[PDB]
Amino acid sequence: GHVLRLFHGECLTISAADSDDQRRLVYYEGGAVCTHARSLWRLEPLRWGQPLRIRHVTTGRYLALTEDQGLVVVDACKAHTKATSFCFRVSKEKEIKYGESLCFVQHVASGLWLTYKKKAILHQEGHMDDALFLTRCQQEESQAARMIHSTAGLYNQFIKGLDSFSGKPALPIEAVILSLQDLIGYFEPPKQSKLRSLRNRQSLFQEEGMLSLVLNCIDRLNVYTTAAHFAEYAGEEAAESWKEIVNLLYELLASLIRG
């Protein structure tokens, strides 16, 4: 459905890119996050009591209860109905509008309440102030969150690709080339209002560690001195796109930093 933030009456969020917790844990945090992509979520119905999954947008992982870790955020492949299904409730005894309804979050199968940077958990009783506001975000933020998810998914497919034949004498070349080109245009400079918007989109990407990601590609391709050298490991067909991909990667990197 819609991409939103979840607030206390500070908001619901995972850690920043490259964090020791591996982005699996969930927290309530205030300050910078409230404007950053890591605190964005989408509600995916399988109205009060109606069962639904809560997906993390940029990582595409799903909120869940685990025997081993309790409340965590789980890979889509392990996101089965029992684990990942929640509903909203008006109260804690035994329809919905943004920025007005106070929502208690319950795990359907266990009856546990979402509760408590402070670490978020699922507890039998929890707290008075557990209720969350569902809060619409800006289009610009949701566009960026979706793009960050997509591009990360793609460059990691590309990286795992390079890794397979590293030291050993099918890569998404077209998708990657297309993705770089689109992002370079996306970060194109323009007027003052367009400038603020650009600085903001750069930032959203920097916090999701997109510089690291692009550099991880640059580093893995720079192991090769020539297209020909690359060919001995990758396709001769893929080596045709080597120079061009490293130029666009350097261009995207430059694009993220500029002005």
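One rule holds for the numbers: they count along the sequence shown, beginning at 1.
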{"item": "Between neighbours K191 and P190, residues that the deposited sequence lists but the model omits", "value": "4 to 9"}
{"item": "Absent coordinates between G9 and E10 - deposited residues affected, binned into four classes", "value": "1 to 3"}
{"item": "Per the entry, higher mean C-alpha B factor between 146 to 154 and 103 to 111", "value": "103 to 111"}
{"item": "Stretch exceeding the other in mean C-alpha B-factor - 213 to 221, 66 to 74", "value": "66 to 74"}
{"item": "Options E174, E141, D182, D129 - largest CA temperature factor per the record", "value": "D129"}
{"item": "Most elevated Cα B-factor in the entry, residues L43, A228, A37, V26", "value": "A228"}
{"item": "Among modelled residues of the same chain, the CA temperature factor third for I159", "value": "lowest"}
{"item": "Position of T13 among the chain's modelled residues by C-alpha B-factor, lowest, middle or highest third", "value": "lowest"}
{"item": "Within-chain third of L122 by Cα B-factor, per the entry", "value": "highest"}
{"item": "Within-chain third of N200 by Cα B-factor, per the entry", "value": "middle"}
{"item": "Modelled-residue ranking by C-alpha temperature factor, third containing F86", "value": "middle"}
